[PDB]
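End of the sequence shown = 362 in the authors' numbering, gap-free, step of one.
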Amino acid sequence: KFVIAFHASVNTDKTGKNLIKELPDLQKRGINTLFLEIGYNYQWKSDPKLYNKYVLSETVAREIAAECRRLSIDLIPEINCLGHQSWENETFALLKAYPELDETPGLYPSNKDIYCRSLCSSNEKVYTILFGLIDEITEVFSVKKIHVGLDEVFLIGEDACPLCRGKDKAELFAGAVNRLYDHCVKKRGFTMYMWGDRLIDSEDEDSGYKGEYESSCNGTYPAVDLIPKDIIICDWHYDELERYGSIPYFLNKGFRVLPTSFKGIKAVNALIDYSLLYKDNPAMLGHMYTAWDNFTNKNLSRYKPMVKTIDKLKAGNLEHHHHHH
Ligand SMILES: [Zn+2]
């Protein structure tokens with residue numbers, strides 16, 4: 038038996054119903070788990086500063102949860118709790134409402150010359166806010182699971198932060214993971230998921246990857262030995278490679294791993310094939326598909342690289358049932 042998951046995003050009452058459309062179909066393909074990214078795109082009751090009526094309401098949200106439940110789909114909301122506080126020249130809700138919590142105050146206007154802004158990982162107000170959002174979203178969905186993001190954190194320990202300047206980037210990162218863990222797991226008893234790229238040494242030859250996005254080039258990877266190992270690592274690599282050497286890196290470290298793909302058809306294939314080289318390790322959980330080129334959630338069950346490959350793994354969950362007549 039295997040985890041088969043799909044990553045979808047939702048930010049409006051519409052995009053939610055689009056997803057609802059595809060849940061029945063996506064189930065029949067074989068999806069049994071839905072990672073649902075929300076960010077700050079829910080009408081928050083718990084913080085009025087981050088609320089706008091033009092995003093997902095409590096009603097639409099309780100329907101996705103309703104539908105996942107009827108279809109026995111493990112639902113896991115995601116809020117990115119450190120990096121990805123902006124995209125291109127739009128800064129997201131938290132940092133425009135709380136500019137004091139920016140890790141790089143006063144530096145990159147309109148986000149020129151950086152990938153994405155990040156929150157200050159040392160400022161306690163961040164955790165006060167984030168913990169409040171994690172509690173609300175896990176409530177409206179009636180779930181005990183949370184994905185905290187933590188991918189592609191390039192801005193951390195920056196000189197501009199009065200709070201983090203000069204500090205060790207890996208310890209700051211491990212500090213973020215461990216604060217989130219203390220709330221989601223220690224206090225709430227949830228299961229917590231995260232992206233794994235910051236835990237990998239890019240320069241390492243067995244576990245490293247080419248770029249500076251799929252693996253760490255800013256020295257955060259030592260945090261892998263400073264965080265609790267019941268955290269589920271979502272390990273994403275979207276290029277066709279003959280070896281995805283970070284799967285066994287995470288596995289031997291004690292983590293449960295969820296390999297993650299995007300586009301490529303073969304690239305997807307190759308990840309799945311290499312992940313299945315460890316099929317008989319239970320900490321090799323399964324697989325997650327992404328369709329980042331799909332911005333609506335319409336025909337998500339038609340995502341081509343998934344529909345082909347999914348039976349690939351569906352077989353381990355077939356369950357011979359025997360004639361009832
Ligand atoms: Zn800081």
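We treat Cβ as the ideally placed atom computed from N, Cα and C, and that holds for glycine.
Round the Cβ separation of residue 74 and residue 141 to the nearest angstrom and send it over; I've been treating them as touching at under 8 Å.
Not quite, the Cβ-Cβ distance comes to about 23 Å (not below 8 Å), so this is no contact.
Any heavy atom of ligand 1 inside 7 Å of the beta-carbon of residue 153?
no
Express the C-alpha separation of residue 101 and residue 92 in angstroms, rounding to a whole number.
Straight-line spacing of the CA atoms in residue 92 and residue 101 works out to 15 Å.
Please list the terminal residues of the continuous alpha helix (DSSP H) segment that includes residue 310.
Here the alpha helix (DSSP H) through residue 310 covers 303–312.
Among 48, 219, 120, which has the Cα closest to the Cα of residue 165?
When each option's Cα is compared against that of residue 165, the closest is 219.
Using beta-carbon positions only, say whether residue 148 and residue 125 come within less than 8 Å of one another.
Less than 8 Å separates the beta-carbon of residue 148 from that of residue 125.
Would you mind stating whether residue 324 and residue 288 have Cβ atoms separated by less than 8 Å?
no
Simplified DSSP assignment, three categories, for residue 220
helix
Helix, strand or coil at residue 288 according to DSSP, with G and I counted as helix:
The three-state reading of DSSP puts residue 288 in helix, counting H, G and I together.
Selection from 256, 45, 83, 285 that minimises the alpha carbon distance to residue 317
285
Given 7 Å as the limit, tell me if residue 200 has its C-beta closer than that to any heavy atom belonging to ligand 1.
Yes, ligand 1 has a heavy atom inside 7 Å of this Cβ.
Could you tell me the alpha carbon to alpha carbon distance between residue 299 and residue 249, rounded to whole angstroms?
17 Å
Pull up the distance between the alpha-carbon of residue 134 and that of residue 111, whole angstroms please.
32 Å
Residue 342 (DSSP reduced to helix, strand or coil):
Three-state result, residue 342: helix.
Considering only heavy atoms of ligand 1, does any lie closer than 7 Å to the CB of residue 140?
yes
By DSSP, does residue 230 sit in helix, in strand, or in coil?
Strand, per DSSP.
Put residue 449 into one of helix, strand or coil per three-state DSSP.
Because the chain in this structure spans residues 38 to 362, residue 449 falls outside the shown range and cannot be described.
Using three-state DSSP, classify residue 79 as helix, strand or coil.
strand
Cβ of residue 157 versus every heavy atom of ligand 1: is any distance shorter than 7 Å?
yes
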